[PDB]
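As a plain string of letters, each chain reads:
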Amino acid sequence: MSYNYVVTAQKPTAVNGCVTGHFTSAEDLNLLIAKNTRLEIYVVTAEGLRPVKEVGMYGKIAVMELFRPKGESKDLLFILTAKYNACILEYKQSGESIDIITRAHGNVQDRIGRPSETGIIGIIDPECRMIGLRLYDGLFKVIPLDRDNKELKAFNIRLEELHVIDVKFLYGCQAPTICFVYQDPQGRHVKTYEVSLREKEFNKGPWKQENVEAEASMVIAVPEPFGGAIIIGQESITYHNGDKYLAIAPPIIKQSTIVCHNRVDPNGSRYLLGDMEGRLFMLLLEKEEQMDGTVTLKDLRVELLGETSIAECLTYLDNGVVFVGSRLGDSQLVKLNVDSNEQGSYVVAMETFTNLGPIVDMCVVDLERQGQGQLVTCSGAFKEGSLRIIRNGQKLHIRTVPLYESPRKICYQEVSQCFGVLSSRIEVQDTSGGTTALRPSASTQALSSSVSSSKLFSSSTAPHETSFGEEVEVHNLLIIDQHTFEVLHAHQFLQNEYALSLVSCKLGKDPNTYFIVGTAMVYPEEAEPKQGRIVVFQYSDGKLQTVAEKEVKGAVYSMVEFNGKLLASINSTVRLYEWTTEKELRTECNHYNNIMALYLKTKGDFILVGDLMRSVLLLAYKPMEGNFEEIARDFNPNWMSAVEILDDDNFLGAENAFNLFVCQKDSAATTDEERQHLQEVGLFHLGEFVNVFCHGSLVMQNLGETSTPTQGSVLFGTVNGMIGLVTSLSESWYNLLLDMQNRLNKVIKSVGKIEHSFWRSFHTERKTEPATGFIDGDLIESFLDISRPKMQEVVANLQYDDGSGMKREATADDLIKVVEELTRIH
Amino acid sequence: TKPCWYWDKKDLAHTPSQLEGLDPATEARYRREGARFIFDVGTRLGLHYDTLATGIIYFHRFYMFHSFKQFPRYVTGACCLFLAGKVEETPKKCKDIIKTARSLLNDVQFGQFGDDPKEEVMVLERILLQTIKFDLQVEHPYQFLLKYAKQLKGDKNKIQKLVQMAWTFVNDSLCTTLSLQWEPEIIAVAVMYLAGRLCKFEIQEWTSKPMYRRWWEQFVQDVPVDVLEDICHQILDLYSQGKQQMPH
Amino acid sequence: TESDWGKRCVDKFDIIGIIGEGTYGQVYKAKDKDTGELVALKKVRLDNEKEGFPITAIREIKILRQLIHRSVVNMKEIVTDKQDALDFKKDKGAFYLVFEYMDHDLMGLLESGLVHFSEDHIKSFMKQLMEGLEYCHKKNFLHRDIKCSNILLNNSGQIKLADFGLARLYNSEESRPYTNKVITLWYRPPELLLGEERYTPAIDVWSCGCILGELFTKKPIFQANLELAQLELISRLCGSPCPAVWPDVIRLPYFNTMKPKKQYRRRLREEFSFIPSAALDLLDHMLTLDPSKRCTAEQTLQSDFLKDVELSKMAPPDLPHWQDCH
Ligand SMILES: CC(C)n1cnc2c(NCc3ccc(-c4ccccn4)cc3)nc(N3CCOCC3)nc21
């Protein structure tokens, strides 16, 4: 068996959702911000936000909504986790003591059901009579909000419309009414139904189905002054209330997909809309009052306000202040002005909240020769693309270097005192026949620049047609200086060439240090790339020189230096190249038993291959023979996001299901079959998507630092900005920390009453297993934050083993020292 | 696709056994003894008739590729039965086959099993499988005797006497090289034909075509009487040389 | 000739790697040196010599040389390790069962989450599986181990059935005692949970129905660890076994023993209401408790769901390959 420890170095920074209301007091205006597994509670002031409370939950926050049922003084919070854990929460404050009350809780998972394409949707009735959940295709789940439903028991109503895009509870209806945009073969439609708690079924809804835009994406429930619904698309915004149908199709919104909405004026007169290029719009509902004493909707208008960060969630606070929650870039507070500035914008940034964004890749480099190590991450996407330099000093110091284009891979080249970074920018087919970039970026603002003139695929004869307005990716290699981070050079790759992999190394007997890039020829027609290049560059005297190119018959997904040879993965094939005295790559040996060799790692003459669907394989190079030998494979099937080698026997992998696992050689030589079965000995639900595993640590090492129980250091970067560390334990230390977890879980009160053991259980749609081989460092490091009565309750009857004492009792003070030492690794 | 497992009578003059100096009578004797060894051993073990026959067909085929002087027959027999049990889903442990073999064999014969009987049999399995070219599925005259008899309608007692008499002939044909000359379908017809001649029955009357004097042709196409008589002659010669007389 | 199996050497194949672990040996992917065809080699080791050549392999050789259908896997030949020269006793080299190489296996495609099935893809999948199951049942053979890992589909949309290690002949007239525990617990029929031991070809149909439901949810229907918990899950959906629906349930060894928590009513149509009508009816008939009322393979091929499927329109499943990275 294997024993390992996982700790969170930086908490998730991406804003996944944001709501406003009156949660902490019926008087205060609150802003609740949801990051993955984290809830942040703020109070709105005239200058910005006053933080008041932050809690963690043992689950990914999927639904977050505030509501106030009749009889309550203040808003209650509903949260549903991605594992279908539901709860209702209340804020309670006793002077200086702030705690969160779990008023109702339960798990709403169905034994049978198909998870929907557009994900979990949760909505609440305007009269707070029920919670609507869309979890599975063809089913609508109702949790009625009666006082007695402390377990959140619920029932399903059959839904004929299997493919639902979005749903909201409508306002101004005699009964609870839902408006949803659904898809069937005839296009998209908007339909309404009524929800009967007494009959536990749908009844026919207020207004007829109307055919809507093919890409109708979002539903807005308009308030009482104008009752009805607004439907947002790619080209058009339409309003449907009974027989009234109004539609506006302004050309400005066609340019970029609108992804978020929020109401500015409670009457429903003004709504905010945001799109992928960061543009912020005002949707103004023009009023017409009729002599009948009735208010109708005269027209819909869209006005451009300015630019914000590419926003996942928008929420208007008060006065002119709007909170911009971004998953791709930094979140913000921005102020909307009545008067435009001299550039024509009504939006002026107030504060910027760091978001490590999507961490596509990262490397650890000791820039100041300090023995410490700093993390240079490829973070953000599109216009919010950035490099972020992260160092310890008690809080992490983070420097942001804007790239304004999507960064893909990073590697450090010390000989050149610079970094190589792969990046891609979005250009659009323009009337010249060529393309035009939407904004300047690093690949265009480089001091010197080049464009590969390779003739490898020049023969083409493959017709690819272009329509005006379509997007394309343009890929570059950026040479960025390690002190200034000035983009010294930008190399543009071939048209339709994607840069997928990057290394910096010396090969063979060649003393020069090269930047090597692996690419793929990507055409929309192809299911899987069938052409690609390995390109050898040399950065010398401020210029990048194309040294050599090797044509391959696939995508070079991953490369790594291997004892002076180049190890590259081309689709199914895993290949080892030698670097000749003629400065050309020469194939030595190949391995073909793979579906898609997405990830490669090495140690000595051993190679760990990460496959698209077949998890991880341990390969070896037999130098005596000049070829590859399969040592052992993980036959349990898994979709891999990244892999890493821990030591000669233990191997770490990440799943696309937000799960982590460790495989070990069975080390039992009874049969050849046993030796070839990598056995999964560690299983752990991380809750994050790991893109990059990287050996290194950010802790200062003077050699004088007390030696921690943990051995080894692997840092990993995730989609939500979370950075973590995996380290190994001895059998004795694991058992101690594991036994302590079981004690802590009985003592520590969970938000929503979610069992910790359930949360960390390995979870796929098809499987669920108890965690094994992994210590949740955050539970261990919370021992220091529980009250003294609880600390002594935890240590009661706790015994040590396999050490100086075979059975030694623990006191609360003994563990405080151990956990404090464990806090030194993060 | 599938191998050919039938030879002509004239070809049996050129089995390996014959060419190493064994005379026709001796090889015929060895075949009878090996088959009857397989039969008796499996009968003691309680084995189905198909399992006994499958082993015999393996045994008979085996000595179409090898010589009796280099492969002791009772070891071969025991191995065939052992494999047949697995093929026909009536398995037995090799130790149990050896046990029964010891009871039925005298000390000289059990000497063929050498110092380690179980091992000598288990080792031969590799050769047996390669010899029969991994064609494990075998059909036997029994199933056809019953499929054809079911289509006869008439005196219940005359047809049952025909079947049992024919069944006894099938068991006896396993001791011969007929298994290697004619498909089982023909064997089943030949034994019905033989039982008919001896019982003074006219089988055509029991068929759906009572005025079709060559009654078998509706069961087995393209079979001349020449073949049925050749088969009958071979079975009856076994009864004449031996003490036993026609079953009746 | 092509029929002389057991003699050709495994030298004739370049071994590409180990595709999976089997029962009687490991399964390797290989390329034929002469033709370039991709094959799958199953290793049979008689070196153990506990009881000689494994019967699981004997079944797969005996049956698959008889069965010739598009939806049944094809054994091409049996080849051997270099044998010891003129020393047959010392020879411990293994034998290899050569099969066609199928691109993927259903469990791997689903466990990895890399498949989406439209109704039309499920139509093509099931028509092939049941047509091949029908072929086998017409030949009086029972598979007895129908799981997602024994269903191999290549990217062309052709489905083939594969692990016949447990297959045995079934006679309707002659009831025979058979091994109780045959099909994997997730896909095990209800009668075998009570231990019929004289079961019908309907056992395989129940497993295929479990697959039919699974293809519409992407999650197996009856996931349990113990035989009782499985009967409970089946009962929550299909109804509890009782003479009212399964008159002969009282004859089964464990009927009185393995009672579910309640006498549940059948909800199959309610919990699967999101399924097309033509398909839902097929599921209801395939997941019938009483095996003598459970539909046959042929009857499913004469159903509204499968009757009018043209196998010219293979309709391969949606396998993502590019952009799976980003
Ligand atoms: C032996 C014969 C019946 N056969 C013929 N083609 C196949 C077949 N083909 C599906 C298959 C193809 C590739 C891979 C694969 C590829 C790369 C790396 C690791 N595995 C796995 C399964 N997979 C199986 N099984 C797979 C699971 O274990 C047992 C064998 N058997 C087969």
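Its PDB header attributes the entry to X-ray crystallography and lists the resolution as 3.42 Å.

Engineer: It is not clear to me how the overall build of chain A should be interpreted in this structure. Could you clarify?
Structural biologist: Along its length, chain A carries 7 helices and 62 strands. Taken over the C-alpha trace, chain A has a radius of gyration of 29 Å; the compact-globule value for 826 residues is 28 Å, and the two agree within 12%. Along the first, second and third principal axes, the C-alpha set of chain A runs to 95 × 80 × 50 Å. By residue count, 57% of the 826 residues in chain A fall in the buried class. Split by element, the accessible area of chain A, about 35700 Å² in all, is 46% carbon and sulfur. In chain A, 80 positive and 110 negative side-chain charges are present, and the distance between their average locations comes to 2 Å.

Engineer: What's the story with the site of the ligand in this structure? I'm lost.
Structural biologist: In the vicinity of the ligand, 18 residues are found, and the nearest of them are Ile19, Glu100, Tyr101, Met102 and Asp103 of chain C. More than one chain reaches the ligand: its neighbouring residues belong to chains A and C. At 3.3 Å, a backbone N or O of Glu100 of chain C approaches a nitrogen atom of the ligand. Taken by itself the ligand offers 640 Å² of open surface, and the protein chains cover 92% of this. Put simply, the parts of the chain that give the shell around the ligand at least two residues each are strand 1 (13-21), strand 3 (38-44), strand 5 (95-100) and strand 6 (104-105) of chain C. Residues that form the shell around the ligand fall into these classes: 9 nonpolar, 3 polar and 6 charged.

Engineer: I tried to follow the interface of chain C and chain B on my own but got confused; where do I start?
Structural biologist: Interface size is commonly expressed as the accessible area that is lost once the parts come together. If you look at the interface, chain C gives 30 residues, while chain B gives 29 residues. Here chain C and chain B share an interface that buries about 2700 Å² over both sides, 55% of which is from carbon and sulfur atoms. On the chain C side of the interface with chain B, the three residues burying the most area are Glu51, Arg65 and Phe88 of chain C, jointly 23% of the side's total. Along the contact surface separating chain C from chain B lie 5 salt bridges. Between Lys89 of chain C and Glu120 of chain B there is a salt bridge whose closest N-O contact spans 3.0 Å. On inspection of chain C and its partner chain B, the count reaches 13 residue pairs in polar contact. At the level of secondary structure, the elements contributing two or more residues to the side of chain C that touches chain B comprise helix 1 (55-64) and strand 4 (75-80) of chain C. Looking at the side of chain C that touches chain B element by element, the count peaks at 5 residues for helix 1 of chain C. The residue inventory of the side of chain C that touches chain B, partitioned by class, reads 9 nonpolar, 7 polar and 14 charged.

Engineer: Any chance you could explain the sheet that holds strand 28 (residues 321-325) of chain A here in plain terms?
Structural biologist: Within a sheet, each strand pairs with its neighbour through backbone hydrogen bonds, oriented either parallel or antiparallel. All names here are of chain A. Taken together, 4 strands build an open sheet; the order of strands is 27-28-29-30 and the sheet is antiparallel. On the outer flanks of this sheet lie strand 27 (313-318) and strand 30 (347-353), each paired with one strand and no other. Sheet twist, expressed as the mean angle between neighbouring strand axes with direction ignored, is 25°.

Engineer: Would you take a moment to explain the UniProt feature "domain: Protein kinase" in chain C for this structure?
Structural biologist: Here, the residues flagged by UniProt with the feature "domain: Protein kinase" are residues 13-306 of chain C. The distance separating the terminal C-alpha atoms of residues 13-306 of chain C is 40 Å; by composition the span is 30% helix and 16% strand.

Engineer: Explanation requested: the packing of helix 3 (residues 119-138) of chain C against helix 5 (residues 202-217) of chain C in the structure shown.
Structural biologist: Between two packed helices, the angle of one axis relative to the other and the distance separating the axes together describe the packing. All names here are of chain C. Viewed as axis vectors pointing N to C, helix 3 and helix 5 meet at an angle of 175°, and their least axial separation amounts to 11 Å. The angle between helix 3 and helix 5 falls in the class roughly antiparallel. Residues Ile122, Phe125, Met126, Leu129, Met130, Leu133 and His137 of helix 3 touch helix 5, and the partners they reach there are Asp204, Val205, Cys208, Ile211, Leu212, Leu215 and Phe216. Of the residues assigned to the contact of helix 3 with helix 5, the class counts are 12 nonpolar, 1 polar and 1 charged.

Engineer: Please clarify how the pattern of salt bridges should be interpreted in this entry.
Structural biologist: Should their charged atoms come close, side chains of opposite charge can pair. In total, this model carries 89 salt bridges over all chains according to the counting rule given. Linking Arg147 of chain A and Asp148 of chain A is a salt bridge whose minimum nitrogen-to-oxygen distance equals 3.2 Å. Looking at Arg147 of chain A, the relative accessible area reads 73%, which means it is exposed. One salt bridge in this structure joins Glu33 of chain B and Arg73 of chain B, with 2.9 Å as the shortest N-O distance. Residue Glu33 of chain B is located in helix 2 (residues 24-45), and its partner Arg73 of chain B is located in helix 4 (residues 73-87); the two are separated by 40 residues in the primary sequence. A relative accessible area of 23% places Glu33 of chain B in the partly exposed class. Look at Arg73 of chain B and you get buried, because its relative accessible area is 12%. Each member of the salt-bridge network shares a partner with another, and the members are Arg111 of chain A together with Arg265, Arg267, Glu270 and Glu271 of chain C.

Engineer: How should the domain arrangement of chain C be read in this particular structure?
Structural biologist: Residues and elements named next belong to chain C. Per the domain assignment, the segments making up chain C are domain 1 (10-100) and domain 2 (104-303). Between the C-alpha centres of domain 1 and domain 2 the distance comes to 30 Å. Contacts between the two partners involve 16 residues from domain 1 and, on the opposite side, 18 residues from domain 2. Between the two partners, domain 1 and domain 2, sit 3 salt bridges. For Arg70, the salt bridge goes to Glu131, with nearest N and O atoms at 3.6 Å. Put simply, domain 1 and domain 2 have 6 residue pairs in polar contact between them. In terms of residue count, the dominant contributor to the side of domain 1 that touches domain 2 is helix 1 (5 residues). The class makeup of the residues in the side of domain 1 that touches domain 2 is 6 nonpolar, 5 polar and 5 charged.

Engineer: Which parts of the structure should I look at to understand the side chain of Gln664 of chain A?
Structural biologist: Residue and element names in this part refer to chain A. Here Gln664 shows up in strand 55 (residues 659-665). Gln664 gets classed as buried once you look at its relative accessible area, which sits at 14%. Beyond its immediate stretch of four places on either side in the chain, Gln664 contacts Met1, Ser2, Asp649, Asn650, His677, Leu678, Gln679 and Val681.

Engineer: Where do I start with the UniProt feature "active site" in chain C in this structure?
Structural biologist: UniProt tags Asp145 of chain C as "active site". The residues contacting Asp145 of chain C, other than those within four sequence positions of it, are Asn150, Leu166, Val182, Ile183 and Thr184 of chain C.

Engineer: Just checking my understanding: could you explain the arrangement of the chains for this structure?
Structural biologist: Across the 2 pairs of chains in contact, the largest number of contacts is found between chains A and C. The two partners chain A and chain B share no contact, and the minimum distance between any of their C-alpha atoms is 22 Å.

Engineer: Teacher, can you tell me more about the sheet that holds strand 10 (residues 121-124) of chain A here?
Structural biologist: Residue and element names in this part refer to chain A. Strand order in the open sheet made by the 4 strands is 10-11-12-13, with antiparallel pairing throughout. Whereas interior strands pair on both sides, the edge strands pair on one side only; in this sheet they are strand 10 and strand 13 (155-158). For this sheet, the mean angle separating the axes of adjacent strands, direction not counted, is 25°. In terms of strand pairing, strand 10 meets strand 11 (residues 130-134) through 4 bridges, oriented antiparallel. From the neighbouring strand, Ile124 faces strand 11, where its bridge partner is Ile131.

Engineer: How should I be thinking about the interface of chain A and chain C in this particular structure?
Structural biologist: At the junction of the two partners, chain A supplies 39 residues and chain C supplies 44 residues. In total, about 3700 Å² of surface goes out of reach between chain A and chain C, with carbon and sulfur atoms giving 56% of it. Ranking the residues of chain A by area buried against chain C places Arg111, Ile112 and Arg766 of chain A at the top, with a combined share of 24%. The interface formed by chain A and chain C includes 6 salt bridges. For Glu271 of chain C, the salt bridge goes to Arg111 of chain A, with nearest N and O atoms at 3.3 Å. Along the contact surface separating chain A from chain C lie 12 residue pairs in polar contact.

The rules behind these values
- Residues numbered from 1 in each chain as written, not as in the entry; some residues may be left out.
- Chains lettered and ligands numbered in written order.
- Heavy atoms only, no water.
- Helix = DSSP H or I, 4+ residues; strand = E, 2+ residues; numbered from the N terminus.
- Rg over C-alpha atoms; globule rule 2.2 N^0.38 Å.
- Buried < 20%, exposed > 50% of the residue type's maximum accessible area, 1.4 Å probe, protein only.
- Areas by Shrake-Rupley, 256 points an atom, 1.4 Å probe, with all protein chains shown as cover.
- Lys, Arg positive; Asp, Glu negative; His and termini not counted.
- Charge placed at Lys NZ, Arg CZ, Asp CG, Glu CD.
- Near = heavy atom within 4 Å.
- Polar contact = N/O pair within 3.5 Å; in protein donor to acceptor, adjacent residues only side chain to side chain.
- Nonpolar A, V, L, I, M, F, W, Y, C, P; charged D, E, K, R; others polar.
- Contact = heavy atoms within 4.5 Å.
- Buried area = accessible area lost by both parts, 1.4 Å probe.
- Salt bridge = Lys/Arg side-chain N within 4 Å of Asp/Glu carboxyl O.
- Pairing = 2+ DSSP bridges.
- Axes fitted to C-alpha atoms, helices over the stretch in contact; angles between N-to-C directions.
- UniProt positions renumbered as here; feature names shortened; annotations may be inferred.
- Parallel < 35°, antiparallel > 145°, perpendicular 65-115°, else oblique.
- Domains from an automatic or database assignment.

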